[PDB]
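The chain contents come next:
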Amino acid sequence: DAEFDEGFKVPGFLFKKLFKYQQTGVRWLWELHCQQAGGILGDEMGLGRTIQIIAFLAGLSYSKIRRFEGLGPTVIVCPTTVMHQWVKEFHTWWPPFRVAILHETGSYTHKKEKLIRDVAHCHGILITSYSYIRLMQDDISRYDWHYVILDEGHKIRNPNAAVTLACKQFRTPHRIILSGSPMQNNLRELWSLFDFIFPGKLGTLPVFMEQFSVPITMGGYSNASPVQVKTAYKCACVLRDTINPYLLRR
Amino acid sequence: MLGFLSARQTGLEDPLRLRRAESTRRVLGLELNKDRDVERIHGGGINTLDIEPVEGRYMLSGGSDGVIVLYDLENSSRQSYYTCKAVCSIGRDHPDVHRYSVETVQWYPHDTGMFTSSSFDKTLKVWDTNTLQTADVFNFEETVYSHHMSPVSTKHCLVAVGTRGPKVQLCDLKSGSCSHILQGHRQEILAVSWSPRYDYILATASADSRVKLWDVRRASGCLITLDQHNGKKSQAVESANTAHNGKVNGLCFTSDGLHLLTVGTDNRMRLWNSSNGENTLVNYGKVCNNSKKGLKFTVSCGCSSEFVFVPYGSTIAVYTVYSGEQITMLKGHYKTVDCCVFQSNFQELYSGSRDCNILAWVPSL
Amino acid sequence: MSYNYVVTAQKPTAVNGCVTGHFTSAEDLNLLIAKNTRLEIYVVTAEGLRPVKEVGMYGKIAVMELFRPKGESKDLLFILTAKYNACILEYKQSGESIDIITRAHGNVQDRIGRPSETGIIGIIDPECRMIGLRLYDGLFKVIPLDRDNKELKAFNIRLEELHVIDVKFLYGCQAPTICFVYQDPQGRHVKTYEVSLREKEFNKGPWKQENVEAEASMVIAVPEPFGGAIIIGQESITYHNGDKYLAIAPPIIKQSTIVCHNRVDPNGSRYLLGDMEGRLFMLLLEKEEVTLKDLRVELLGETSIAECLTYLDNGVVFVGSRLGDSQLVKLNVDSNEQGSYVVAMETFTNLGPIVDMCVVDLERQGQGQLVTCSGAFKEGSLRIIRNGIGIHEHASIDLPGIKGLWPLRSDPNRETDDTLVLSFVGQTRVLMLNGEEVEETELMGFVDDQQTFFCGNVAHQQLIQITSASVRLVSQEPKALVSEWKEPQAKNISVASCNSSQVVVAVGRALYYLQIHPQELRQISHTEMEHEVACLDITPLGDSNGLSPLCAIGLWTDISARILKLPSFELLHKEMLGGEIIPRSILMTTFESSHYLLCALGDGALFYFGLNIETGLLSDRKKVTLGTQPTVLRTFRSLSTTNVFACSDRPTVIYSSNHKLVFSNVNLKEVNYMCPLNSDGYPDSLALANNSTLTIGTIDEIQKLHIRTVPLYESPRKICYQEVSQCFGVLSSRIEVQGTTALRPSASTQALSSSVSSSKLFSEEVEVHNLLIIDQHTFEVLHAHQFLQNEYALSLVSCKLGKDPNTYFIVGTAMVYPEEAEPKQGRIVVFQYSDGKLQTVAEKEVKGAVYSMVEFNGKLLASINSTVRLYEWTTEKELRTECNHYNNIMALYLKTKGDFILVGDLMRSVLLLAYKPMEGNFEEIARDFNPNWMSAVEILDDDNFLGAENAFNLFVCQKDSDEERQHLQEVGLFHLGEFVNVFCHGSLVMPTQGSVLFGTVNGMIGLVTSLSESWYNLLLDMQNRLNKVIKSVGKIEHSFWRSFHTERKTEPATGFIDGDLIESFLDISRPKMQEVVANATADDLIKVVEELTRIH
DNA sequence: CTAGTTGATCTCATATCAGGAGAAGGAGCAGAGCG
């Protein structure tokens, strides 16, 4: 087995299947769990980013870390295309977990709320889509989720979209975003992602814009004075430093 | 005592006994030393004092006039009478002097080379002690009531800042990141204090009568909200769980960091278990404060019994922390007392007050 | 930077903790004794204790407990160090090799925490599921064992009670359940908690909190049949098992508090309880069928003041004392007709709390000799320490009351003396001593009917035997006597003397000269002296012809070691000595240079002379005092030269080194007589008799400290030597109860003469203070002056002041009343000891306690409460102030070197004061502004000031190189682990500069000395190498152990070399040395470390 | 029953001079108590 600080043992066979960077990832995710903070797995796509979550959750359940005796009920929000992909992935890389799909396709064939309750009681891994999160913020946000992974989490990049608010209604600190590109147009998107994972780190949205987005943007324009270039440089470095612990971008 | 010297000498008692018992005896004998003075440099009231944690030689002092004075507390003259001369001073002419009242001033723990000072000009300035130039300035949108650096953090170098905003700002002195905020208070935060025991535990007290302990690493809000009654009056927490029946304008962890002392404008002091915020029901009687800003008070260290020195109007009221028995009230100031700071090496107390004086209390004989 | 070398001259002797168990093997019963830094492992044999291993911990052993985890064969040892190094030690013996492997270790020091008042407690669950440590107020550290660690990861449980007195794990509980007494404002209560290693928090205990006696200080966990706990308080012993509440108040335990306990049985039907008075109680649990019926306390007797006591087996109890000698007692079933069942089997020397000490060149040698105020209330005593020689006790035979020993070559061919002769009362018994075997077989020609004053081998291949009746010259080879002479009046010879060639025997007041001729005894000379002969010697020395030329005589009533010319018996010289005591032995020998004479009186005085071969006139009279018993002197020839031996209470070898007469001690209890023997089975050996047996052995170069003990039976406090008067002045203190009554006859109450202070200045149990004048030869209390009622003698100096010539005992006192915390009154009393009396020559009422007085350039420098003032001795013989100094919290310690005064403060730690004589006032030169609470201070150099803080640290301050020049610089830091009570210049021996001894509370005697920069660098390098090579018991780092440590500061050592670690460079094999000496050759460093060991 | 198709239907994302009269406030200031 592989052992980390307090009680985290991930099975050795599982660990050996991973790469070195994926192992680093698993360690990083567990350090966050210790802090009770969230993070963004900003690995460039194709780098087997999803496998890291499997390994980490597997290790956490296996270690039976101490409300919850190891891994509680958890929800995975991922784009509609990849739900069965994730189901497949859990099934191969760790059969023991129950991975219920929440979708019209699904596998339940009853009312959905019964399925939500079932997973929240039997401590499964409820996969769902951003739509069903937007549409059942009421039902879903009544069950003490342990982990709230968002795959391709950039879809929460609009702080005012409904889906964003719904995703930010979840209460647990163990929020994770798996986003190949956690910033696509401007930093307002970044702030939004951080406000899901770590609600206070970057401040309020107005303050973030005032302090970071404006200066960092103005330093990119061709006509910007060198002074403003250097303010942008400063602010950019501050931002990287602020977000360093909580973003793992290989 | 000669029993104490003989007991130390013969090994009957651990020398720890003589140290702590004598340290206590010295604290009980605190009296206004007219055989010691502090040089008058503040034109306005002293809001804050800070003796450096390593070597306890120097004291910072922040005035209502905006100046920061840096005193030397060692008697370098051969006389038995001396004035604690002022080494440096952020005076009226310093380009970086605060525009309004300096509300807090703090030595960087782990090193005397840097200190920080926050004011009503909405700035927390970091100073290089040697060159006495600002190394950094954090601007806040709202006047700063208090800040505090962790006395224990070898790892993080966050400054918790309480402003009139309802939010607690964490300023990372390592690469300057003043974005992080703790949310959950509703009115001005009048006092913040890091745990001396836990690296990332912060206690913040606010005018909404609530005190919250935070794990700033944690991304999920306050750990604990101190509740006067511990549950006798229990309500779905939206307005209940008040530490006090007024504003809570003072915080101080006891030395070992296992208890928290809060003073609020209901004229009470309470002692809280810092682990589960449970009220220990220590009485302390009535502690007059009506300060509209933070009230800086300290505890003793390295005595047989712990003491807390609280400004009580124009006096320093000394209490035994764990029993509440008021030792004495040190009467030597002329106006209300704003801050007292404890010199742990010699059981000396310095207290500033609105009458522009800093009085030394040293044990008698 | 300062370069200091610290080493241990005497390892700590105070037993701070002892446990018993099966540590070295499952069948061995071990006694593990913690002396402060030394762990001593014994095996509990049917008789006494057999040492097996003594290891040095890099720590003060604060906790020491044996526990056996499941499946383990033999007990593992848990040790917690004062700096909070935890370790679990196992004993692994591989044939000859012995190891202490560290099964686990760690550092459990919390970064912050109020160290608990009562002190570090360490308990172990009776089922070894966890080690509970109470280190700080309000916390309870748990070290799991079921989770088998190697790093001892421990977690705190928050304890809702902040003042915990004592705590124990209860027995017979499914969960680890602690029972502790804690003090809250409402009184003292006993509470229980269950420890959950899974939830890592307490739970409700089996039986709720109970309000107990006010002074409950002890919890005793009682094994499974009863369960529950027994809480000992001052006036009651109460038993709790949850519903049962037995409670007794035995009136016998009210007089003193019970401080240690031990479970005699495995089932807890009997406990030992030791009190601070030294009583030993037996607490009996009467079972009823099982529950507990009733409690009984019975007084077994008295022991040394026990810190810890352990019951070994068969009634043998080890009483480990910090204040007095540790004891091995026996508990008899029946009383001793004095009400006591305790009978001391063995005593282990403990230089107890060394509160003061002085180095006196007693016996007028070139050797220092420590005299220490050791011990406490009932165990107080003076210990005299000196470096002494030792030998091996090979051949023993127990014949009572020997009075003779002579080497005889019964085999005529060999020049080895293969036969030993002994006279007892009126006969001669011989020994074949064949080989190493010893049995009594008879050689012809010697009589079994008469005492023998002398016998031995003589010339012409003849033996000689001088009896109480007449002389017998035997021919060795052929047969018995062919020559006999006897006194014509047949008077018994009263004093004899003989050599290889001639004979000289005294008959009362007349003397007879005989000389040997082959098969003949010829008489020549005769004389009639004034008075009876006392002693003779006729030894031929540098003879070179065949006959000695000279003789010496001691006579009665005209006490004089006179000289005679041999052929004429005439007076060459007549030198008186004085006193009413007849000299009992006289000898002349050569020490490398010429004939000396050694004449002694019955009280150990001994005069050495330069004797001429022509005039034989006695001059160069000088005296040395050796022992109190009458003496006898017999030589043995070593490899090098003649080495004379003195036989008395203190056997002493006598010899000259570099043409300087040395008076070495021998580390044997007593020797009646001595004789050389060089058998085939015994080369160059000694033959040393005592009252019981004949001890035989050789001479060993290595020196072992010899510790005398003078029981004072009261706490000595100070000691100074007044050479002019031949005495020690000792401040003693005895505890009286009621007006008052002495609880026991102390040394003060048993003096020859006595007196009490009648002073005009000032007009349960109390402390009475006396000034003891103690004879520096016999160590008898010549005089005991009691001080005023409620007067505490603190300081004591012997000196002569001003210009008058009298040497005074000056005592500084304080008046101690319970109504106050610091004395307001005190006085400086000047005594003069002369004509066996202690007159009060002066007095001076001062307004505080006189904590310290040093004689300072003809003037008295006293330190009253916070003032240091200088007194002058006026022509009127009174003390008159000259200057004061006030900038002190408490001037506790004063030292002096020239015009400079070093003041150790209660908590401002040192101050360098200068008496500028041109002005007549003090000047604060430098000061150390760190808050160090001093225990003692010393001046090493003109600018190096050794200090000892009460946190077991040594620091050296240095006057630096403006107003920053008034800052002493701490250039030396070192954690000793011992509480220094005293420094003193001197050395116990005949590269390094200076030598400062210090005595500690634990009984360590250490030695600080100054190194040069080059040697310091070299030794620091080797220190690092040894740290890289030598492995400590608990895997503690030496640098961490020697790091300066205080509750508000911690810095690495510097400017100090652990001489213990360096001297450990000899006790490692050559490959390990090469590992040490990678980057000069090893033999160089072996020479270096030998030369370093030469200093102590 | 089950995929497949097909509307709605929602969400989210993309970008730079000949007026006059009267009423209300404020300012300046004399002066009167008055502490």
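Shown numbers run from 1 along every chain as its sequence is written, which may differ from how the entry numbers residues; residues without coordinates are omitted from display. Throughout, the order in which chains and ligands are written sets their labels, letters from A for the former and numbers from 1 for the latter. The assembly from which these chains come is larger than what is shown, and the figures reported cover only the shown chains. The side-chain figures draw on all heavy atoms in the structure; neither hydrogens nor water molecules are used. Residues with missing side-chain atoms are left out of burial classes, side-chain pairs and their counts.

As named in the PDB entry, chain C is DNA damage-binding protein 1, taken from Homo sapiens. UniProt positions are given in the numbering used here, feature names are shortened, and annotations may be inferred rather than shown by experiment. Per UniProt, the comment on chain C under Pathway is "Protein modification; protein ubiquitination." What UniProt records for chain C under Sequence similarities is the sentence "Belongs to the DDB1 family."

The name recorded for chain B in the PDB entry is DNA excision repair protein ERCC-8, from Homo sapiens. Looking at the Pathway heading of the UniProt record, one finds this comment for chain B: "Protein modification; protein ubiquitination."

### Digging into the environment of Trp214(B)
Residues and elements named next belong to chain B. Helix and strand assignments follow DSSP, with helices taken as H or I runs no shorter than four residues and strands as E runs no shorter than two, numbered in order from the N terminus. Looking at the secondary structure, you find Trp214 in strand β18 (residues 211–215). Along the sequence, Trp214 and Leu359 sit 145 residues apart, while their C-alpha atoms lie 35 Å from each other. Here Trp214 is in contact with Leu182, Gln183, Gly184, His185, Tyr200, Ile201, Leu202, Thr204, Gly221, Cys222 and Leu223, once residues within four sequence places are set aside. Side chain to side chain, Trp214 and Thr204 meet in a polar contact 2.6 Å long. In this analysis, two residues are considered to be in contact whenever any of their non-hydrogen atoms come within 4.5 Å of each other. Polar contact criterion, stated in full: a pair of N or O atoms within 3.5 Å, where within protein one must be able to donate a hydrogen and the other to accept it, and residues adjacent in sequence count only if both atoms are side-chain atoms.

### Some thoughts on the sheet that holds strand β4 (residues 38–44) of chain C
Residues and elements named next belong to chain C. If DSSP finds at least two bridges between two strands, the strands pair. An order of β2-β3-β4-β5 is seen for the 4 strands of this open sheet, with the pairing classed as antiparallel. What marks the edges here is a single partner per strand, and that holds for β2 (15–21) and β5 (49–56). For this sheet, the mean angle separating the axes of adjacent strands, direction not counted, is 20°. Pairing of β4 with β5, which is carried by 7 bridges, proceeds in the antiparallel orientation. The residue of β5 that forms the bridge with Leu39 is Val55. Every axis corresponds to a line fitted to the C-alpha atoms, with the helix fit spanning only the stretch in contact, and the corresponding angles, defined between N-to-C directions, vary from 0 to 180 degrees.

### Some words on the sheet that holds strand β25 (residues 315–320) of chain B
Residue and element names in this part refer to chain B. Pairing within the open sheet is antiparallel, and its 4 strands lie in the order β23-β24-β25-β26. Every interior strand has two partners, whereas the edge strands, β23 (298–299) and β26 (326–330), have only one. Sheet analysis places β23 next to strand β24 (residues 307–312), joined by 2 bridges and oriented antiparallel. Paired with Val299 across the strands is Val308, a residue of β24.

### Side note on unusual backbone geometry
The phi angle at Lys64(A) is positive, at roughly 50°, despite the residue not being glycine. Along the chain, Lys64(A) falls in the loop between α3 (49–63) and β4 (74–77). Within the chain, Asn267(B) stands out as a residue other than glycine whose phi angle is a positive 60°. Relative to the helices and strands, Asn267(B) resides in the loop between β21 (259–264) and β22 (268–273).

### Some words on the interface of chain B and chain C
Of the residues lining the interface, 47 residues belong to chain B; the matching set on chain C comes to 59 residues. Per-element tally for the side of chain B that touches chain C: the top contributor is helix α2 (residues 15–28) of chain B, with 10 residues. The residue makeup of the side of chain B that touches chain C, split by class, is 14 nonpolar, 18 polar and 15 charged. Side-chain classes are defined by residue name, with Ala, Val, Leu, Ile, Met, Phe, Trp, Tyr, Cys and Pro counting as nonpolar, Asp, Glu, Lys and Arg as charged, and the others, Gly among them, as polar.

### Side note on the packing of helix α1 (residues 2–10) of chain B against α2(B)
All names here are of chain B. Viewed as axis vectors pointing N to C, α1 and α2 meet at an angle of 155°, and their least axial separation amounts to 8 Å. Taken together, the axis directions place α1 and α2 in an arrangement best described as roughly antiparallel. Residue-level inspection shows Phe4, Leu5 and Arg8 of α1 in contact with α2, the latter providing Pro15, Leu18 and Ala21. Residues belonging to the contact of α1 with α2 are distributed by class as follows: 5 nonpolar, no polar and 1 charged. An angle below 35 degrees is treated as roughly parallel, one above 145 as roughly antiparallel, one from 65 to 115 as roughly perpendicular, and anything else as oblique.

### As for the UniProt feature "repeat: WD" in chain B
All names here are of chain B. The positions that UniProt labels "repeat: WD" are, in the present scheme, residues 33–73, 88–129, 133–173, 177–216, 235–274, 281–321 and 325–363. As annotated, residues 133–173 has a helix share of 0% and a strand share of 59%, and its two end C-alpha atoms lie 16 Å apart. Helix makes up 0% of residues 325–363 and strand 64%, whereas the separation of the span's terminal C-alpha atoms amounts to 19 Å.

### Focus: the environment of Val316(C)
Structurally, the position occupied by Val316(C) is in strand β28 (residues 316–320). Every residue in contact with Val316(C), bar those within four places of it in the chain, is listed here: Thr310(C), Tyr311(C), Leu328(C), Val329(C), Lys330(C) and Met345(C).

### Side note on the pairing of strand β33 (residues 381–390) of chain C
For a regular strand, side-chain orientation follows a simple rule: the groups alternate between the two sheet faces. All names here are of chain C. As defined by bridge partners, strand β32 (residues 370–374) adjoins β33 across 5 bridges and the pair is classed as antiparallel. The partner of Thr372 across the bridge, within β33, is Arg383. The turn joining β32 and β33, which pair antiparallel and follow one another in sequence, is formed by 6 residues; a positive phi near 80° is taken by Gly375. As judged from the 10 bridges shared by β33 and strand β59 (residues 700–711), these two strands associate in the antiparallel manner. Bridged to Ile385 within β59 is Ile707. For β33 and strand β55 (residues 660–666), the ladder comprises 2 bridges, and the chain directions are parallel.

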